[PDB]
Amino acid sequence: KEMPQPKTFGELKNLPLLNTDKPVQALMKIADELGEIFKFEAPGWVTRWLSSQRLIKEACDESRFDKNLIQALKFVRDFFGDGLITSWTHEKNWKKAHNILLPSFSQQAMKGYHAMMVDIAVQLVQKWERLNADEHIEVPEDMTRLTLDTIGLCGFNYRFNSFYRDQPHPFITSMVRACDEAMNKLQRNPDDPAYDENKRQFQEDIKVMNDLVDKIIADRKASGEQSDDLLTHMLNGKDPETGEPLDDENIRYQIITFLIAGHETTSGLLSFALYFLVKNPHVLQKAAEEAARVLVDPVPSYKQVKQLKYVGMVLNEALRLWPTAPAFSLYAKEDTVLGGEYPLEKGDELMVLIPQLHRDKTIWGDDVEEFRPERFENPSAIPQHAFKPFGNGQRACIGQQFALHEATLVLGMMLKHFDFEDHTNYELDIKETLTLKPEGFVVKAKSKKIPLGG
Ligand code: HEM
Ligand SMILES: C[C@]12CC[C@H]3[C@@H](CCC4=CC(=O)CC[C@@]43C)[C@@H]1CC[C@@H]2O
Ligand SMILES: C[C@]12CC[C@H]3[C@@H](CCC4=CC(=O)CC[C@@]43C)[C@@H]1CC[C@@H]2O
Ligand SMILES: [Cl-]
C-alpha cells in the first residue's frame with residue numbers, strides 16, 4: 001500500500017507547501033484531506049505525520065520508537081545543548097539530569113513553589129484591578145509576563161519583574177529575536193554578506209541570555225537565604241545511579257532550557273483557556289461559580305487549587321483543542337511495520353500531530369470542535385494515548401504538574417476577581433513559533449472589587 005502524500009514541487013518536494021506563517025495549521029488541513037498518515041518530504045529530510053490514536057498509540061511504544069530530535073531544527077540543539085528537552089534518551093546527561101531534577105517536580109516540591117506562584121499571580125490581578133475604564137488587557141502578553149516571572153522566581157529565586165515593564169523583558173525580546181533569526185535561515189545564499197548584521201544581532205541576543213544565566217548562578221552562590229528550589233537541585237543534586245552532580249556546562253543548558261520551556265507553552269495555555277471561556281459564557285459561568293465557591297480566602301492555598309476541578313477540566317479541554325507544543329518527533333529503533341501496513345527502516349522519523357490526534361472522532365465523538373470541559377468529567381475513561389499535550393512516556397513533560405498548578409491557580413483567581421468581556425468579538429488568530437498562541441487576543445476585565453490578601 002502506498003502512503004498518502006500531498007503534492008510535490010520538482011525536487012523541492014512538499015517544502016513549498018510550508019511557505020506559510022502557520023505550518024502546523026496547514027499540516028492539519030492536509031491531515032484532514034489525506035487522513036491518519038501522510039509522508040512529507042523536503043530537500044534535506046523526510047518524515048511521516050501521524051494523526052490517529054490508533055497509529056500514535058503504536059508510535060508511543062518505547063520498545064519500538066524513541067524520541068527524535070529533528071535535523072532541520074539543530075539550531076535548537078545548538079542553543080539548549082544536552083539540556084533535558086534537546087538531549088537523546090541514550091545520551092548520558094539525559095538520564096543523569098532526569099533523575100537529579102525529578103524531585104523538583106514532586107508533590108512536596110509543588111507545595112513549596114505555591115507561595116511564590118501566588119506572589120506573581122497577585123501581581124497579575126493587581127495590574128488588572130489598576131486599569132482605567134477605557135482600557136483592556138493584552139492577554140498573551142500578560143500571560144507571558146506571569147509565566148516567565150513564575151518560573152524565574154519559583155525555579156531560580158530570580159525576579160524578571162515583568163509587570164514593571166511595558167514591553168517584554170529583554171530576555172524574551174532576545175529569545176524571540178534569536179529563535180526567529182535561526183528559523184529564517186532554514187530557507188535563506190545564507191553566507192551572503194547582506195546577512196552580516198543578522199548574525200551580529202543574533203550574537204548580541206545569545207549574550208543577553210548568557211549574562212542572565214550567569215547572574216542567576218552568581219546571585220545564588222552569594223545568597224544569604226536558604227533556597228530549596230530547582231536551581232538548588234541542579235547545583236547540588238547527585239545522580240543516584242552514579243553519585244555525581246551535573247557539571248557547570250550542563251547546568252547552564254538546563255537553566256536556559258527551564259526558563260524558556262517553563263513559561264512559553266503555559267502562557268499559550270492560559271491565553272487559549274481564556275479565549276474559550278469568553279466564547280462559551282455558560283462554561284465561563286460554571287468555572288466562575290467554582291472559583292467563588294472554592295477560593296474562600298483572600299489568597300488561594302495549595303489545597304484549594306487542588307479543589308478547582310472544573311478549572312482543571314477547562315485547561316485540559318483547551319489543551320485538547322490547541323496543545324501549545326503541537327507536535328513531537330519519534331524515530332524507529334529497528335526496522336518495523338506501522339499499523340500492519342507501513343514499513344519503516346531503522347532511524348525513520350515520525351511526527352505526532354497532536355491537535356489532529358485530539359480531534360480523532362473515533363476517540364472523542366463527533367463534537368470534537370466544541371469546547372466541552374465535561375469530557376474530562378471522568379478522566380480514567382479517556383483511552384491511553386488519546387490525550388498527549390505533554391508528550392510520551394519517559395520523555396514526557398517533566399513540568400506538567402508545575403504548568404497545571406500555576407495555570408489553575410491563576411485562572412481561578414482571575415475568575416474570582418473579574419468578569420471578562422470579549423469586547424471586540426475577537427476572531428481567533430493563532431500565531432506559530434515553535435509553539436502556538438492566540439495573537440492579538442484582548443478582553444476587558446470588570447473588577448468584582450473583592451479584596452486580595454497579601
Ligand atoms: C502547558 C504547558 C506545557 C506543555 C504543553 C508542555 C509540553 C511538552 C511536551 C509535548 C514535551 C515533550 C517534548 C518531545 O517529545 O520532544 C515536554 C517536555 C518537557 N517540558 Fe514541557 N510542557 C509544558 C510545560 C512545561 C513546564 C512548566 C516546564 C518546566 C517547569 C517544562 C519543561 C519540560 C521539559 C524539561 C521537558 C523535557 C522532558 C525530558 O525529556 O526529560 N514544560 N513538554
Ligand atoms: C518550543 C519548545 C522548545 C523546543 C522543543 C519544543 C517541543 C519539542 C521539540 C522537538 C525537537 O525536535 C526540537 C525541540 C522542540 C521543538 C518545546 C516545547 C516548549 C518549548 O518552547
Ligand atoms: C511543529 C513544529 C513547527 C513546524 C515545523 C515542525 C518541524 C518540521 C518543520 C520544518 C520547518 O522548517 C518549518 C515548519 C515545520 C513543519 C516543528 C516541530 C516542532 C514545532 O512545534
Ligand atoms: Cl483569591
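FYI, the numbering just counts along the sequence from 1.
Residue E249 places its CD atom among 12 or fewer non-hydrogen atoms of other residues, nucleotides or ligands, all under 6.0 Å distant. Around NZ of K57, the count of heavy atoms belonging to other residues, nucleotides or ligands within 6.0 Å does not exceed 12. The local environment of CG in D367 is crowded, with over 12 non-hydrogen atoms from other residues, nucleotides or ligands closer than 6.0 Å. Applying the 6.0 Å contact sphere to CG of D247 captures more than 12 heavy atoms from other residues, nucleotides or ligands. More than 12 heavy-atom neighbours from other residues, nucleotides or ligands sit within 6.0 angstrom of NE2 on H90. Environment of NZ in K215: sparse, with no more than 12 heavy atoms of neighbouring residues, nucleotides or ligands closer than 6.0 Å.
Using a 4.0 Å cut-off between charged side-chain N and carboxylate O, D149 and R159 make no salt bridge. Using a 4.0 Å cut-off between a side-chain N of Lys or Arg and a carboxylate O of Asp or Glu, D211 and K207 qualify as a salt bridge.
The aromatic ring centroids of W45 and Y331 lie 6.0 Å or more from each other. No close placement of the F105 and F390 rings is indicated, their centers lying 6.0 Å or farther apart. Side-chain rings of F387 and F376 approach one another, their centers coming within less than 6.0 Å.
By the 4.5 Å heavy-atom criterion applied to side chains, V122 and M413 are counted as neighbours. Within the 4.5 Å cutoff, no side-chain heavy atoms of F160 are placed close to those of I172. No side-chain heavy atom of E432 sits under 4.5 Å from any side-chain heavy atom of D21. The shortest distance between side-chain heavy atoms of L411 and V314 falls below 4.5 Å. Counting only heavy atoms from C-beta outward, the side chains of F65 and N392 never approach each other to under 4.5 Å. Counting only heavy atoms from C-beta outward, the side chains of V139 and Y275 never approach each other to under 4.5 Å.
Side chains of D360 and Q53: no donor on one and acceptor on the other come within 3.5 Å. A donor and an acceptor atom, one from each side chain of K279 and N425, are located under 3.5 Å apart. For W128 and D142, the side-chain atoms include at least one donor-acceptor pair closer than 3.5 Å. A donor-acceptor contact under 3.5 angstrom links the side chains of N378 and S380, judged on distance only. Using modelled atom types, one finds a donor on one side chain and an acceptor on the other under 3.5 Å when comparing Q304 with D297. Side-chain polar atoms of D82 and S87 form no donor-acceptor pair below 3.5 angstrom. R220 and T232 form a side-chain donor-acceptor contact under 3.5 Å, judged by distance and modelled atom types alone.
Among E264, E138, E141, the single residue meeting the salt bridge (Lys or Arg N to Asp or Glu O under 4.0 Å) criterion with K437 is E264.
A cation-pi contact links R359 to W322, judged by a cut-off of 6.0 Å to the six-membered ring centre and 45° from its axis. With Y302 as the aromatic partner, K306 meets the cation-pi criteria of under 6.0 angstrom to the ring centre and within 45 degrees of the ring axis.
Classification of the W94-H98 ring pair by plane angle, with boundaries at 30° and 60°, yields tilted. In this structure, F420 and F418 have tilted ring planes: the angle between them lies in the 30° to 60° band.
By the side chain to side chain contact (heavy atoms under 4.5 Å, CB included) test, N132 is found to be paired with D134, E135, residues two or more places apart in sequence or in another chain being considered. Residues satisfying the side chain to side chain contact (heavy atoms under 4.5 Å, CB included) test with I100, not counting sequence neighbours, are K96, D239, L246.
For residues 104-117, the side chain to side chain donor-acceptor pair (under 3.5 Å) pairs, not counting sequence neighbours, are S104-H233.
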* side-chain contact (heavy atoms from CB on, under 4.5 Å) evaluation trace for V278 with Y426 -> CA-CA 10 Å; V278 300; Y426 169 76; over 6 Å; no
